[PDB]
Amino acid sequence: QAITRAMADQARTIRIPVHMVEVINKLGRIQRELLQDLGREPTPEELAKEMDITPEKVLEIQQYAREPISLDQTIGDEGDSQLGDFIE
DNA sequence: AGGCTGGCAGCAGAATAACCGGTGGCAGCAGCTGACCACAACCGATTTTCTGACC
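Residues numbered from 1 in each chain as written, not as in the entry; some residues may be left out. Chains lettered and ligands numbered in written order. Part of a larger assembly, values for the part shown. Heavy atoms only, no water. Residues with missing side-chain atoms left out of burial classes, pairs and counts.

S.K.: Give a detailed account of the overall build of chain A, specifying residues and quantitative values.
M.R.: Regarding its fold elements, chain A presents four helices and zero strands. Counting from the amino terminus, helix and strand elements in chain A follow one another as α-α-α-α. Relative to the 2.2 N^0.38 estimate, which gives 12 Å for 88 residues, the radius of gyration of chain A is 17 Å and therefore markedly larger than a compact globule would have. Its C-alpha atoms give chain A principal-axis dimensions of roughly 50 × 35 × 25 Å. Summarising the internal contacts of chain A: among those between residues at least 6 apart in sequence, 27% fall at separations of at least 24. (Helix = DSSP H or I, 4+ residues; strand = E, 2+ residues; numbered from the N terminus. Rg over C-alpha atoms; globule rule 2.2 N^0.38 Å. Contact = heavy atoms within 4.5 Å.)

Following this line, the structure appears as structure tokens:
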């Protein structure tokens, strides 16, 4: 309990609370188990009717579940420039 | 009897899974307002300046 609770509290930059981390993990497991059986990526309608929620709610959860990229990686593959100098 | 001098050798660094309880936020909305536009009228002189009669 302590390890999983603290991993939810500290694993992310923009902190997501524990209950939304629970529903993100549940949506991930549901999507993986449906993708294995279908042979295809499941639609938001199929995920929403599986998890007993709305497709808008599924889209909001998949919106919240995104990690930031970094400003310091060299997006020029020659290494001369980094990403933080290409932002207006 | 060891020691501290000497190269000698080796190395760091820089550049090019779920429950339960509780508690506070919050948004939605009837329901006092209460200040506020806001038309819309209505008058209070005001000044001009004819209008009308006076002898």
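S.K.: Residues and numbers for the packing of helix α3 (residues 44–51) against helix α4 (residues 55–64), please.
M.R.: Contact geometry for α3 and α4: axes closest at 8 Å, N-to-C directions at 100 degrees. Looking at the two axes, α3 sits roughly perpendicular to α4. Contact residues: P44, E45, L47 and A48 in α3; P55, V58 and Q62 in α4. Taken together, the residues that form the contact of α3 with α4 break down as five nonpolar, one polar and one charged. (Axes fitted to C-alpha atoms, helices over the stretch in contact; angles between N-to-C directions. Parallel < 35°, antiparallel > 145°, perpendicular 65-115°, else oblique. Nonpolar A, V, L, I, M, F, W, Y, C, P; charged D, E, K, R; others polar.)

S.K.: So what about the packing of helix α2 (residues 18–38) against α4? Which residues, and what values?
M.R.: Put simply, α2 and α4 touch, their axes get as near as 10 Å, and they point 105 degrees apart. For the element pair α2 / α4, the angle class is roughly perpendicular. Of the residues in α4, those in contact with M20, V23, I24 and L27 of α2 are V58, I61, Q62 and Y64.

S.K.: A description of the nonpolar core should follow, citing residues and the corresponding values.
M.R.: Nonpolar side chains tend to gather and get buried jointly when the protein is soluble and globular. By size, the foremost hydrophobic cluster in this structure holds twelve residues: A8, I16, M20, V21, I24, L27, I30, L47, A48, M51, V58 and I61. Those elements giving two or more residues to this core turn out to be α2, α3 and α4. Examining the composition of this core, we find that five residues originate from one element, α2, more than from any other. Apart from the residues within four sequence positions on either side, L27 is in contact with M51, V58, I61 and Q62. (Core = buried A, V, L, I, M, F, W, Y, C linked by side-chain atoms within 4.5 Å. Buried < 20%, exposed > 50% of the residue type's maximum accessible area, 1.4 Å probe, protein only.)

Everything listed here is a matter of geometry and, on its own, says nothing about what the molecule does.
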